[PDB]
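In what follows, a structure is listed as structure tokens, so that the remarks can point back to it.
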Amino acid sequence: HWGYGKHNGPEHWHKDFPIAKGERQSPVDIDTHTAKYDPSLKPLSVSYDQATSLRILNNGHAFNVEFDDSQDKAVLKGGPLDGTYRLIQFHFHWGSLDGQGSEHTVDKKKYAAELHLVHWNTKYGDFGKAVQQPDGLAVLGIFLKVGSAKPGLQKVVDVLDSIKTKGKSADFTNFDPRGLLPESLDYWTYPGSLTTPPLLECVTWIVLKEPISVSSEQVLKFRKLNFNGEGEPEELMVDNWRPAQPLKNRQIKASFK
Ligand SMILES: NS(=O)(=O)c1ccc(O)c(NC(=O)NCc2ccncc2)c1
Ligand SMILES: [Zn+2]
């Protein structure tokens, strides 16, 4: 099975998931000079006040903080989106070094990590149906650079010792995802895909211009996770990012000029 190693990493995924070579694959490089400012883009509406986190899970590729998505508690609307998308989970991708780790790049620049807040279009009833649809998901992507700590991330960092290995989960209630958001909600947007298998072309990507800063110690704790299950040989969970894919005939739009 697929992963991020030398024999099963991103360049291998197309053998099991042929859509890996598709027409709207993610991530991509965001060339900020070819991005098109679109005055008709609405501001993003992020309504996380009622969010209910439930638990945190090491799935062998990243860790997911999962939310109750059985009601409109934490929703994303506006921006390029029609209708309401519900937060189901967030996770991150990160590097072995501070100089790499993000999936999207900005003018070929790589950030230390990238946060994905995953939301599904409520008109499809649940996440499983939504991923089968071209407008099924909206993923809000936020870059992390290494600098000052992000206090709102610390509760995530502190529980990672409880989920070191693949398949481990821990109760993780009352986490407020608003503490992971940068000041500005200026964004780029383009149609794309999940960045891990099954690589389905179901995502409206919304990538924030402004990164959040996290401390070196915070991202180091990410790197102490393991891809392997307990009692298997230890392989650090680092470099769990897919590289940029061809833009093909897509234009990236910007909400700001
Ligand atoms: N990166 S993303 O484009 O925001 C994204 C958003 C929502 C997703 O459902 C996926 N993809 C998966 O969930 N794949 C199954 C899986 C992945 C990792 N480990 C175990 C199982 C990727
Ligand atoms: Zn992701």
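Note on naming: chains are A, B, ... as they come in the structure tokens, residues start from 1 per chain, ligands start from 1 in the order shown.
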(message) Neighbouring residues of ligand 1 are defined here as those with any atom at most 7 Å from a ligand atom, counting only C-alpha atoms and all ligand atoms; list them as a PyMOL selection string.
(response) chain A and resi 59-62+116-118+139+193-199
Once you have the residues from the selection above, write them out as a CSV table (one decimal), in the first residue's frame, restricted to N, CA, C and O atoms.
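Writing done, so here's out12.csv:
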```csv
chain,number,residue,atom,x,y,z
A,59,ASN,N,-3.7,7.9,11.4
A,59,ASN,CA,-4.2,7.0,10.4
A,59,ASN,C,-3.1,6.4,9.6
A,59,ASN,O,-3.3,5.7,8.6
A,60,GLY,N,-1.8,6.6,10.0
A,60,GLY,CA,-0.7,6.0,9.3
A,60,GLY,C,-0.1,7.0,8.2
A,60,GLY,O,0.9,6.7,7.7
A,61,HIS,N,-0.8,8.1,7.9
A,61,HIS,CA,-0.3,9.0,6.9
A,61,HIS,C,-0.2,10.4,7.5
A,61,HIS,O,0.6,11.2,7.1
A,62,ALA,N,-1.1,10.7,8.4
A,62,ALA,CA,-1.1,12.0,9.1
A,62,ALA,C,-1.9,11.8,10.4
A,62,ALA,O,-2.2,10.6,10.8
A,116,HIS,N,-4.9,21.4,6.5
A,116,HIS,CA,-6.1,21.2,5.7
A,116,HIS,C,-7.3,21.0,6.6
A,116,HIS,O,-7.4,20.0,7.3
A,117,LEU,N,-8.2,22.0,6.5
A,117,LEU,CA,-9.5,21.9,7.1
A,117,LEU,C,-10.5,21.4,6.1
A,117,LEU,O,-10.8,22.1,5.1
A,118,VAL,N,-11.0,20.2,6.3
A,118,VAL,CA,-11.8,19.5,5.3
A,118,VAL,C,-13.3,19.7,5.5
A,118,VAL,O,-13.7,19.3,6.6
A,139,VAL,N,-11.7,22.4,0.8
A,139,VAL,CA,-10.6,22.2,1.8
A,139,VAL,C,-10.0,23.6,1.9
A,139,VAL,O,-9.6,24.2,0.9
A,193,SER,N,-8.2,18.3,-6.2
A,193,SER,CA,-8.4,16.9,-5.8
A,193,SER,C,-8.0,16.7,-4.4
A,193,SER,O,-7.3,17.6,-3.8
A,194,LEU,N,-8.3,15.6,-3.8
A,194,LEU,CA,-7.7,15.1,-2.6
A,194,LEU,C,-6.2,14.9,-2.9
A,194,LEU,O,-5.8,14.5,-4.1
A,195,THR,N,-5.3,15.2,-2.0
A,195,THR,CA,-3.9,15.1,-2.2
A,195,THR,C,-3.3,13.7,-1.7
A,195,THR,O,-2.1,13.5,-1.8
A,196,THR,N,-4.2,12.9,-1.2
A,196,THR,CA,-3.8,11.5,-0.9
A,196,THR,C,-4.8,10.6,-1.6
A,196,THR,O,-5.9,11.0,-1.9
A,197,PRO,N,-4.4,9.3,-1.9
A,197,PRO,CA,-5.3,8.4,-2.5
A,197,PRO,C,-6.6,8.4,-1.6
A,197,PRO,O,-6.5,8.4,-0.4
A,198,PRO,N,-7.8,8.3,-2.3
A,198,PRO,CA,-8.0,8.0,-3.7
A,198,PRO,C,-7.9,9.1,-4.7
A,198,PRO,O,-8.2,8.9,-5.9
A,199,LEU,N,-7.4,10.3,-4.3
A,199,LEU,CA,-7.0,11.4,-5.2
A,199,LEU,C,-8.2,11.9,-6.0
A,199,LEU,O,-8.1,12.4,-7.1
```
(message) If we count only C-alpha atoms and set the cut-off at 10 Å, which residues sit around residue 85 (chain A), ignoring sequence neighbours fewer than 5 positions away in its own chain? Please answer as a count of residues only.
(response) 19
Could you list, as a compact mmCIF listing (two decimals) with N, CA, C and O atoms, in the first residue's frame, every residue within 8 Å of residue 177 (chain A), counting only C-alpha atoms and ignoring same-chain residues fewer than 4 positions away?
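What follows is the written file part_13.txt:
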```txt
# COMPACT_ATOMS: atom_id res chain seq x y z
N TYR A 48 -17.03 28.75 12.93
CA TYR A 48 -16.54 27.66 13.76
C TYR A 48 -16.92 27.78 15.23
O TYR A 48 -16.43 27.00 16.04
N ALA A 51 -18.18 24.59 16.81
CA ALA A 51 -17.49 23.36 16.44
C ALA A 51 -17.38 22.41 17.62
O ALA A 51 -17.16 22.82 18.77
N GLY A 152 -2.88 28.40 19.92
CA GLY A 152 -4.04 27.58 19.61
C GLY A 152 -3.72 26.21 19.05
O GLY A 152 -4.61 25.36 18.99
N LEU A 181 -6.39 29.92 12.80
CA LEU A 181 -6.61 30.77 11.63
C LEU A 181 -5.73 32.01 11.69
O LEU A 181 -5.57 32.61 12.76
```
(request) Can you work out the spacing between CA of residue 254 (chain A) and CA of residue 148 (chain A) in Å, to one decimal? (result) 27.2 Å
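Closest to residue 47 (chain A) among A:176, A:29, A:66, A:171 is A:176, based on only C-alpha atoms.
In this model, the gap between CA of residue 92 (chain A) and CA of residue 222 (chain A) comes to 9.1 Å.
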